């Protein structure tokens, strides 16, 4: 009868000790209430990195803000009042709030924060402000960066646009015309800088790096990747005193944000229930504590502060987001999504 379909961001950490796989998204799911305000609540995994899923939105969904402006253009999302979101999330960083803003309007509740952070060892032989700077200072094959070494589509597409584009505001909104279509459109200067980072990257996966740290013999004192990817050594990061920081590939540091948005076809009775479910997701201390176990970052200052009270890891990031608040950029797409990203990455790859 009256059911609320909730689409969750499914790309959360996963623990594994051979055979048995524990997914953090399952832990969070088995904590959220299935009965709210008379409505039945269905939590399912919503893959925003699938064009098919972006074509059929649920009542409420968690999408990467990278597709948000394009998602707004389809009209499938509902505009929200500034006060309504503020009363749920609380204080938001400038880049976080701007990541949910499209055409001077808020289109969802910021849920997750992420970036390619730099995990520096205690024996950090070098310090840097950009990955280009760290590439020159340390040298050939010294930094661990799995997504760059493996040339992941979103990373190949991502870094290229970060090096190329520049903005005064936080939102770096690009169109489909700004994408290389062949090879004569590929900026060689940008591709030259990407190569320097790739040259400074060791040919090693994430699993190989983690196992090295666990065995006490790290393959490198430098690691770049998602905060969630470091969750299997969160104790070692704390004990041995590893360092984390917002580092840009060049100049400005980039950030991913996942945003809980409401469908445009929601009635007034469903809108209040959806907000209630959302307010639970963002403020429930048990949910936040579970996020802390997977080292994934809440988007609001309150969620970050809560986890910063018992984690030095979160403490550094909270200091980082505050110190470089005006410098952080967020890449977004105006009139394209996954297909055009995968295609653009395929064009760029040979020139790397």
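Numbering follows the first chain given and starts at 1.
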{"item": "Average Cα temperature factor in the PDB entry - higher stretch of 341-349, 1-9", "value": "1-9"}
{"item": "Mean C-alpha B-factor comparison - 64-72 and 322-330, higher one", "value": "322-330"}
{"item": "Highest recorded Cα temperature factor - choice among 197, 186, 84, 144", "value": "84"}
{"item": "Top Cα B factor in the deposited entry, candidates 115, 111, 182, 191", "value": "182"}
{"item": "Lowest, middle or highest third - CA B-factor, residue 126", "value": "highest"}
{"item": "Third of the chain's Cα B-factor distribution that residue 260 belongs to, per the entry", "value": "lowest"}
{"item": "Residue 222 - Cα temperature factor, lowest/middle/highest third of chain", "value": "middle"}
{"item": "Lowest, middle or highest third - CA B-factor, residue 298", "value": "lowest"}
{"item": "Record-listed C-alpha B factor of residue 310: chain third", "value": "lowest"}
